[PDB]
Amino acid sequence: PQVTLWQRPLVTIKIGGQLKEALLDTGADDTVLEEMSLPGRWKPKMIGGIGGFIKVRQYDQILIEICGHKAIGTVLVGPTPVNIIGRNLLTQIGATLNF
């Protein structure tokens, strides 16, 4: 679809058997999810945003379905205020920005 940006561009995802909604985010290099149970191992990472740094767990090869589109990739889980889909997964579902 085409998303105009008068609304937050939110979409439904499934990950880990759970249903979430997440923001489509061109400024975010990677995907960050609020606190979740993910099957696997993880690495600690910190990322920085507007107000500072947060510590997240990196999990790799996680399957997500963003609308009816599957992508596999890295997901960071942490204390974000909002679930964010970033450019690592956006490229996989073929998203573009047009003006």
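So that there is no doubt, residue numbering starts at 1 and follows the sequence shown.
Remark: stretch with higher mean C-alpha B factor among 46-54 and 25-33 is 46-54. As the entry records it, the average C-alpha temperature factor is higher for 12-20, out of 12-20 and 82-90.
Split the chain's modelled residues into thirds by C-alpha temperature factor. Residue 71 is in the middle one. Annotation for residue 3: C-alpha temperature factor in the highest third relative to the rest of the modelled chain, per the entry.
Looking at the C-alpha B-factors along this chain, the one for residue 38 belongs to the highest third.
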